[PDB]
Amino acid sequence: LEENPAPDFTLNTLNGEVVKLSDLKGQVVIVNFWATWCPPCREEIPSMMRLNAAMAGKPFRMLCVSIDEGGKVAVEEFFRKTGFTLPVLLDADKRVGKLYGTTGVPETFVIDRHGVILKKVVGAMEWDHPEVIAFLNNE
């Protein structure tokens, strides 16, 4: 998967909208696969929100794909109790995770301006840290 262009997909947002990875050429993209019931997923959310704020106004899009069987209702609940928020896409049936060849969660893909997959990261990271931020700016 790594070093070859990202497989396309179209999915619903929390609010009836739809996002198609191809129309995002020109921007750097992070596709992250996560779930409300995954303790590592929840460990790294705070650090993923700080990566999002740092990028506001820049040609950058973060896509947090949820695999919760409970969808919008499950993610909405989780966000109500924790106070967290992120740019979520829904994938309850797990087919885009399968398309992406994932094995468990969290798993994160880093995609360049030409739509090519540059990096695959397994497990909770600290997305707020300098090397990552500066790896992204380079792009």
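Note that residue numbering begins at 1 and tracks the sequence as displayed.
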query: Higher-B stretch (mean Cα B-factor, as the entry records it), 80-88 or 41-49; finding: 80-88
query: Greater mean Cα temperature factor according to the PDB record, 15-23 or 126-134; finding: 126-134
query: Selection from 65, 30, 55, 99 [criterion: highest C-alpha temperature factor in the record]; finding: 55
query: Third assignment of residue 113 from its chain's C-alpha B-factors; finding: highest
